[PDB]
Each structure stands twice: as structure tokens, then as C-alpha cells.
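J.: My questions will all concern the structure given below.
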Amino acid sequence: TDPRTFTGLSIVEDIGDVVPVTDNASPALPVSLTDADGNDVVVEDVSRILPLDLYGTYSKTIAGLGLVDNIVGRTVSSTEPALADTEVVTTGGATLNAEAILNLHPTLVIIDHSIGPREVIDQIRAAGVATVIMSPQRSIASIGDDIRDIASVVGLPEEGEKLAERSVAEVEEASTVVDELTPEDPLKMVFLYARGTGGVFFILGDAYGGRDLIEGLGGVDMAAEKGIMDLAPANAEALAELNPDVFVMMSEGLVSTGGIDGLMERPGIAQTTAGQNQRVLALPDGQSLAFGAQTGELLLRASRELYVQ
Ligand code: HEM
């Protein structure tokens, strides 16, 4: 079949919890490290972990390593089922709440600058909480190295190596399937971020890592073609210039703008090729840009929806 003739929404269902590599993780502590901001940190107690980021990666990797039961709080992006009853420590999108964090009496915060404010991260450290700043590479090629970095922090290097190798094998196997499914002329895609029916409506660029998802699905990321390094408002002019064949979206984000019907009301959407085919690939919000352990499964499920009728 010709995937340019497909129409309508394709939605990937929740992939669920990460399968841990062990049921008896025994952290080798203490650990001393210099983090991505240059802070020297001693990690001596991992009993109460806050693994916080915009993308939902760290909570999933921590579970993959065998420490899911140690997670005591989360951001909204960590939507995996195991954490559904775990306290949320952000407000709005991803704004850190110092009071909520400190009231959970964490022993370790793993975080990066995808969320903030920076000043709240500094307050938590000053209050006596061991805080480790990561700067993950967030590419498909670096899935294993990003896992190994997290594993080092919690004193689980062997589990890290197992999880890294398993995840890299899964993502290379998925890529074999993707390559067989892709059309000769790649589909043009964008990652369209939506939250609500108002102005939170953006084409995501380099900083958010959607290019590696789109290219992992065999597509061309029109944001990369046009040099978008952070994000651009998805206004009519931008949409006409990018003119994708498929909008890649987050499932709950799409619901929040009124589903396909609401999306089609937004200026410029209906005039693109994707809009004329009402062609949206919706991915679970908390997996879509998480990469990490589940990347291979995500690529497999998404490529089936893109290329198999
Ligand atoms: C790129 C990765 C991002 C991910 C994975 C992500 C994920 C999420 C998730 C899971 C929620 C909670 C949705 C709900 O429970 O209703 C949320 C809410 C939100 N996001 Fe994002 N988001 C991202 C980027 C952004 C960006 C770039 C902005 C703004 C520039 C933004 C603004 C918001 C806002 C305002 C909310 C609050 C919506 C509400 O009132 O419930 N997000 N996001």
C-alpha cells in the first residue's frame, strides 16, 4: 500500500510500565560524582527518589533498573501506570513546586534543565537534598549511554549495562522493520505540540528531540529542514511553509485541542497535505519524546500505524 493514501487519525496505545532487568537491585552506595552542571554530589541513600524531567525518561529508566518502588514523586510527564497514584510535584506544565518536593522527604533528586525554575532546584539542594543534574544526549544512538549515566548515579552499573544493551537491541530491531516499511520518498512530518484550544500550539524543533523520533520512523522532520532549533508557533504561515504529510502529536494533547475536529479548526492546518488527509499520528504523551528503554517498541507500534493499513 501507498502510505500517502492513508487518512485520519492513527493512535498508539500506552506501552505501559518498563520491564525491569532485575527483581533484586542492590545499590552499591555511596557514589561520588560531578554532575552535568559541575556540582560535586555524594549519593548515599536512594530510598526516596524524585526522577524529574519534561520528557518522562528518568522515572522509566529508574524502574528499568529495578528501583520503581523507590520513586516517591513525579512530574506530569511520568504517566506510566506504576506511578499513577504517586504524588505529582509540579504545577501547570512542568513548574517545580518546592513545598511539594520537600514535604516528600526525598533522599535523591535526579533532574535536568528541561524543567524549572532553576532557582527551585537550587532551593532543594540548599535544604539538604542530594540533587544530581543530568544532561542526556537524547538521541537514538545514545539511548544506552543515557541509561548507563542514570545507573551510575544510583550505584547499579550492572543493571545499567543490561538495560542499555536490551534497549539498544530493541531499537535496532525496530529500525530493521521501519526500513522495510518506509516508502522510497520519505513522508514529511512535524512534531506538533498542543495543550488546550489556545496559544499553546507549536512546531517543536531541535531542542526537544522530535527529529530523532521522526527520522526513527523513516520520516523527514520539516522543522529540521527549516532550521527550527527550539520551537515555532504553528501559525498559518509556518504550517504552509513546512507543509507536512503527517502531524506527529501527543494523544492527550490532541484531545485537549478538541481532537481531530478541533485540530482542523486551527488556522493553516486544513490547507497542508496532512490537514487535507486529516493525517495525525498520536503517541502516548509520556512515551512520545521519552526515548529510553521503550524506544524500540514505540517505533514498532508507530511505524505499523504509519505504513500498514
Ligand atoms: C516536549 C515535551 C513535552 C511533554 C512530554 C509534555 C507533556 C505534558 C503533559 C503530560 C502534561 C499534562 C497533561 C494533562 O494531564 O492534562 C502537560 C501539560 C502542559 N504542558 Fe506540556 N509537554 C511538553 C512540552 C511543553 C511545552 C514546550 C509547553 C509550552 C511552551 C508546554 C505547556 C504545557 C502546559 C501549559 C500544560 C498544562 C495543561 C493543563 O492545564 O493541564 N508543554 N504537558
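For the C-alpha cells, the naming scheme is as follows: chains receive sequential letters (A, B, ...) according to their order of presentation, residues are indexed from 1 within each chain, and ligands are indexed from 1 in presentation order.
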Once you count only C-alpha atoms and all ligand atoms, what closest atom pair and distance in Å to one decimal does each residue of chain A within 8 Å of ligand 1 have, with rows by chain and rising residue number, as a Markdown table?
T.:
```
| residue | atom | partner | partner_atom_place_in_ligand_line | distance |
| --- | --- | --- | --- | --- |
| A:54 | CA | ligand 1 | 4 (C) | 5.5 |
| A:55 | CA | ligand 1 | 5 (C) | 4.3 |
| A:56 | CA | ligand 1 | 5 (C) | 6.6 |
| A:76 | CA | ligand 1 | 10 (C) | 5.0 |
| A:77 | CA | ligand 1 | 10 (C) | 4.0 |
| A:78 | CA | ligand 1 | 10 (C) | 7.2 |
| A:79 | CA | ligand 1 | 10 (C) | 6.8 |
| A:91 | CA | ligand 1 | 37 (C) | 7.9 |
| A:92 | CA | ligand 1 | 37 (C) | 4.5 |
| A:93 | CA | ligand 1 | 19 (C) | 3.4 |
| A:94 | CA | ligand 1 | 19 (C) | 6.8 |
| A:193 | CA | ligand 1 | 24 (C) | 6.9 |
| A:194 | CA | ligand 1 | 42 (N) | 7.8 |
| A:195 | CA | ligand 1 | 38 (C) | 5.7 |
| A:196 | CA | ligand 1 | 38 (C) | 6.8 |
| A:200 | CA | ligand 1 | 29 (C) | 6.0 |
| A:202 | CA | ligand 1 | 27 (C) | 7.6 |
| A:204 | CA | ligand 1 | 1 (C) | 7.3 |
| A:208 | CA | ligand 1 | 1 (C) | 5.4 |
| A:231 | CA | ligand 1 | 27 (C) | 7.6 |
| A:250 | CA | ligand 1 | 5 (C) | 8.0 |
| A:252 | CA | ligand 1 | 13 (C) | 6.6 |
| A:253 | CA | ligand 1 | 13 (C) | 7.0 |
| A:256 | CA | ligand 1 | 16 (O) | 7.5 |
| A:285 | CA | ligand 1 | 10 (C) | 5.4 |
| A:286 | CA | ligand 1 | 5 (C) | 5.5 |
| A:287 | CA | ligand 1 | 5 (C) | 7.5 |
| A:288 | CA | ligand 1 | 5 (C) | 6.8 |
| A:289 | CA | ligand 1 | 5 (C) | 6.0 |
| A:290 | CA | ligand 1 | 5 (C) | 7.2 |
```
J.: Write the residues you've just listed into a file as a compact mmCIF listing (two decimals), in the first residue's frame, and include C-alpha atoms for each of them.
T.:
```
# COMPACT_ATOMS: atom_id res chain seq x y z
CA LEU A 54 9.95 17.17 30.89
CA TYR A 55 10.02 14.01 28.80
CA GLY A 56 9.24 11.15 31.19
CA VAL A 76 3.13 15.07 34.98
CA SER A 77 5.10 13.51 32.08
CA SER A 78 5.79 10.30 34.02
CA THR A 79 2.43 8.85 33.02
CA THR A 91 2.08 22.54 38.73
CA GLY A 92 0.92 23.73 35.32
CA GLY A 93 3.00 22.01 32.68
CA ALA A 94 6.25 21.30 34.50
CA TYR A 193 2.71 20.22 20.36
CA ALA A 194 -0.79 21.24 21.54
CA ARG A 195 -2.16 21.84 25.01
CA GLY A 196 -5.66 23.33 25.12
CA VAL A 200 -0.01 26.52 23.30
CA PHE A 202 3.92 24.79 18.48
CA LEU A 204 8.87 21.50 18.09
CA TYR A 208 13.03 18.70 22.07
CA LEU A 231 10.15 25.76 18.70
CA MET A 250 0.72 13.53 21.77
CA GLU A 252 -3.83 13.73 25.34
CA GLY A 253 -2.53 16.92 23.68
CA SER A 256 -7.02 18.88 24.71
CA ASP A 285 2.31 11.82 25.80
CA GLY A 286 4.70 10.31 28.34
CA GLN A 287 6.42 7.99 25.83
CA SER A 288 6.40 10.17 22.69
CA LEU A 289 9.66 12.05 23.42
CA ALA A 290 10.92 9.93 26.35
```
J.: What residues in segment 38-286 of chain A get the DSSP label strand (DSSP E)? Please answer as a ChimeraX atom specification.
T.: /A:40-43,49-52,90-91,95-96,108-111,131-133,188-194,201-204,220-221,231-233,246-250,280-283
J.: Let me see the file: selected residues, N, CA and C atoms, as a compact mmCIF listing (two decimals), in the first residue's frame.
T.:
```txt
# COMPACT_ATOMS: atom_id res chain seq x y z
N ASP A 40 29.65 18.81 42.57
CA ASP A 40 30.07 17.55 43.19
C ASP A 40 28.97 17.07 44.13
N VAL A 41 28.55 15.82 43.96
CA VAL A 41 27.44 15.26 44.72
C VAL A 41 27.81 13.89 45.23
N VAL A 42 27.47 13.63 46.49
CA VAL A 42 27.51 12.29 47.07
C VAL A 42 26.08 11.76 47.14
N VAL A 43 25.88 10.58 46.55
CA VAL A 43 24.61 9.86 46.62
C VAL A 43 24.83 8.73 47.61
N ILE A 49 13.33 8.51 45.85
CA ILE A 49 13.83 9.12 44.62
C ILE A 49 12.76 9.99 43.97
N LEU A 50 13.15 11.19 43.52
CA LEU A 50 12.35 12.04 42.64
C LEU A 50 13.08 12.14 41.31
N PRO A 51 12.66 11.37 40.29
CA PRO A 51 13.31 11.38 38.97
C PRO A 51 12.48 12.25 38.03
N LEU A 52 12.90 13.50 37.85
CA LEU A 52 12.04 14.55 37.29
C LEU A 52 12.59 15.11 35.98
N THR A 90 4.87 18.89 40.41
CA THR A 90 4.84 20.07 39.56
C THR A 90 3.42 20.63 39.48
N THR A 91 3.34 21.88 39.05
CA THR A 91 2.08 22.54 38.73
C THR A 91 2.15 23.09 37.32
N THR A 95 6.18 23.10 36.14
CA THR A 95 6.75 24.04 37.10
C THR A 95 6.97 23.32 38.43
N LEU A 96 8.22 23.25 38.86
CA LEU A 96 8.58 22.61 40.13
C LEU A 96 7.94 23.32 41.31
N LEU A 108 17.03 11.55 47.11
CA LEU A 108 17.74 11.80 45.86
C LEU A 108 16.80 12.42 44.86
N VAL A 109 17.21 13.54 44.26
CA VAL A 109 16.57 14.13 43.11
C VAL A 109 17.48 13.94 41.90
N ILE A 110 16.94 13.34 40.83
CA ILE A 110 17.61 13.27 39.53
C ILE A 110 16.80 14.18 38.62
N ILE A 111 17.43 15.16 38.00
CA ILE A 111 16.70 16.19 37.28
C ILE A 111 17.57 16.74 36.15
N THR A 131 21.00 16.25 45.00
CA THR A 131 20.38 16.62 43.73
C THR A 131 21.44 16.43 42.65
N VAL A 132 21.09 15.71 41.60
CA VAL A 132 22.02 15.41 40.52
C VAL A 132 21.43 15.92 39.21
N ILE A 133 22.14 16.85 38.58
CA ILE A 133 21.75 17.41 37.29
C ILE A 133 22.32 16.53 36.18
N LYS A 188 7.00 13.54 4.87
CA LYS A 188 7.34 14.77 5.56
C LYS A 188 6.51 14.86 6.83
N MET A 189 7.16 15.11 7.96
CA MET A 189 6.48 15.15 9.25
C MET A 189 6.88 16.38 10.04
N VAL A 190 6.03 16.75 10.99
CA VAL A 190 6.42 17.67 12.06
C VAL A 190 5.90 17.11 13.36
N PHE A 191 6.55 17.50 14.46
CA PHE A 191 6.02 17.23 15.79
C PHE A 191 5.25 18.47 16.22
N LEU A 192 3.93 18.33 16.31
CA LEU A 192 3.03 19.42 16.63
C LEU A 192 2.58 19.27 18.09
N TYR A 193 3.04 20.19 18.94
CA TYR A 193 2.71 20.22 20.36
C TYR A 193 1.47 21.08 20.56
N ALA A 194 0.45 20.52 21.22
CA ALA A 194 -0.79 21.24 21.54
C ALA A 194 -1.18 20.98 22.98
N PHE A 201 0.53 25.93 21.03
CA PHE A 201 0.37 25.26 19.75
C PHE A 201 1.62 25.53 18.92
N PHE A 202 2.54 24.57 18.93
CA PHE A 202 3.92 24.79 18.48
C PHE A 202 4.43 23.66 17.59
N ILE A 203 5.29 24.02 16.65
CA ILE A 203 6.14 23.07 15.95
C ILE A 203 7.40 22.93 16.79
N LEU A 204 7.68 21.73 17.28
CA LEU A 204 8.87 21.50 18.09
C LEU A 204 10.10 21.32 17.19
N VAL A 220 11.07 12.58 7.31
CA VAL A 220 11.91 13.77 7.31
C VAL A 220 11.20 14.80 8.20
N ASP A 221 11.94 15.39 9.14
CA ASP A 221 11.39 16.38 10.06
C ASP A 221 11.50 17.74 9.39
N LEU A 231 11.49 26.02 19.21
CA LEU A 231 10.15 25.76 18.70
C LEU A 231 9.69 26.99 17.92
N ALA A 232 8.61 26.81 17.15
CA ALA A 232 7.99 27.88 16.38
C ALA A 232 6.48 27.82 16.60
N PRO A 233 5.82 28.98 16.71
CA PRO A 233 4.35 28.93 16.74
C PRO A 233 3.81 28.29 15.47
N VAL A 246 2.25 14.32 7.52
CA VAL A 246 1.72 13.76 8.76
C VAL A 246 2.07 14.70 9.92
N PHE A 247 1.10 14.97 10.79
CA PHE A 247 1.37 15.61 12.08
C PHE A 247 1.61 14.52 13.11
N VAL A 248 2.76 14.56 13.78
CA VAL A 248 3.03 13.69 14.92
C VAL A 248 2.64 14.48 16.16
N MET A 249 1.79 13.89 16.99
CA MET A 249 1.23 14.57 18.16
C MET A 249 1.22 13.66 19.37
N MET A 250 0.96 14.26 20.53
CA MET A 250 0.72 13.53 21.77
C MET A 250 -0.79 13.31 21.90
N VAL A 280 -2.91 12.34 11.23
CA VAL A 280 -2.25 12.56 12.51
C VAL A 280 -1.82 11.21 13.06
N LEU A 281 -0.57 11.15 13.52
CA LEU A 281 -0.05 10.02 14.29
C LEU A 281 0.05 10.51 15.73
N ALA A 282 -0.82 9.98 16.60
CA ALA A 282 -0.87 10.38 18.00
C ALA A 282 -0.19 9.33 18.86
N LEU A 283 0.77 9.78 19.67
CA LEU A 283 1.57 8.90 20.50
C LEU A 283 1.32 9.22 21.97
```
J.: Rank nothing, just name the residue among A:182, A:257, A:24, A:235 nearest to residue 4 of chain A, using only C-alpha atoms.
T.: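 Comparing A:182, A:257, A:24, A:235 against residue 4 of chain A, the winner is A:182.
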J.: With a cut-off of 12 Å, could you pull out the residues of segment 47-95 of chain A touching segment 14-22 of chain A and give me the nearest pair of atoms for each, distance in Å to one decimal, using only C-alpha atoms, ordered by chain and ascending number, as CSV?
T.:
```
residue,atom,partner,partner_atom,distance
A:56,CA,A:17,CA,11.8
A:57,CA,A:18,CA,10.7
A:58,CA,A:18,CA,11.4
A:59,CA,A:18,CA,9.5
A:60,CA,A:18,CA,6.1
A:61,CA,A:18,CA,7.8
A:62,CA,A:20,CA,8.9
A:63,CA,A:20,CA,6.1
A:64,CA,A:20,CA,4.1
A:65,CA,A:20,CA,5.8
A:66,CA,A:20,CA,5.3
A:67,CA,A:20,CA,8.5
A:68,CA,A:20,CA,8.5
A:69,CA,A:20,CA,11.4
A:78,CA,A:17,CA,10.4
A:79,CA,A:16,CA,8.8
A:80,CA,A:17,CA,5.6
A:81,CA,A:16,CA,6.1
A:82,CA,A:17,CA,6.4
A:83,CA,A:17,CA,9.0
A:84,CA,A:17,CA,10.8
```
J.: Keeping only N, CA and C atoms, write the selected residues as a compact mmCIF listing (two decimals), in the first residue's frame.
T.:
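Full text of selection-v9.txt as output:
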```txt
# COMPACT_ATOMS: atom_id res chain seq x y z
N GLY A 56 9.64 12.43 30.61
CA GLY A 56 9.24 11.15 31.19
C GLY A 56 10.29 10.04 31.08
N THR A 57 11.56 10.39 30.88
CA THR A 57 12.61 9.37 30.72
C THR A 57 13.09 8.79 32.04
N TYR A 58 13.45 9.66 32.99
CA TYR A 58 14.19 9.20 34.16
C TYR A 58 13.40 8.23 35.02
N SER A 59 12.10 8.47 35.20
CA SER A 59 11.28 7.57 36.01
C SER A 59 11.22 6.18 35.39
N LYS A 60 11.17 6.13 34.06
CA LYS A 60 11.14 4.87 33.32
C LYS A 60 12.47 4.13 33.44
N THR A 61 13.59 4.85 33.32
CA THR A 61 14.90 4.21 33.46
C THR A 61 15.12 3.68 34.88
N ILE A 62 14.73 4.47 35.87
CA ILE A 62 14.81 4.04 37.27
C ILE A 62 14.02 2.74 37.50
N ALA A 63 12.82 2.65 36.93
CA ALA A 63 12.04 1.41 37.01
C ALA A 63 12.74 0.26 36.27
N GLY A 64 13.29 0.55 35.10
CA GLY A 64 14.02 -0.45 34.34
C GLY A 64 15.20 -1.07 35.08
N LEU A 65 15.83 -0.26 35.93
CA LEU A 65 16.98 -0.69 36.73
C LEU A 65 16.59 -1.50 37.97
N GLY A 66 15.30 -1.53 38.32
CA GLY A 66 14.82 -2.28 39.48
C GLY A 66 14.39 -1.46 40.67
N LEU A 67 14.33 -0.13 40.54
CA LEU A 67 14.04 0.76 41.67
C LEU A 67 12.69 1.47 41.58
N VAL A 68 11.71 0.87 40.90
CA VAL A 68 10.40 1.54 40.78
C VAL A 68 9.77 1.83 42.15
N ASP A 69 9.97 0.93 43.11
CA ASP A 69 9.36 1.08 44.43
C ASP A 69 9.97 2.22 45.24
N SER A 78 5.57 11.69 33.63
CA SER A 78 5.79 10.30 34.02
C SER A 78 4.43 9.63 34.20
N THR A 79 3.80 9.33 33.06
CA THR A 79 2.43 8.85 33.02
C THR A 79 2.33 7.34 33.12
N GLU A 80 3.45 6.64 33.28
CA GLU A 80 3.41 5.19 33.33
C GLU A 80 2.52 4.66 34.46
N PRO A 81 1.86 3.52 34.23
CA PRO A 81 0.85 3.04 35.19
C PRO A 81 1.35 2.83 36.62
N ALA A 82 2.60 2.39 36.78
CA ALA A 82 3.13 2.12 38.12
C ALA A 82 3.14 3.36 39.00
N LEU A 83 3.21 4.54 38.39
CA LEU A 83 3.28 5.79 39.13
C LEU A 83 1.98 6.58 39.15
N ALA A 84 0.87 5.95 38.74
CA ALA A 84 -0.39 6.70 38.59
C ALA A 84 -0.93 7.26 39.91
```
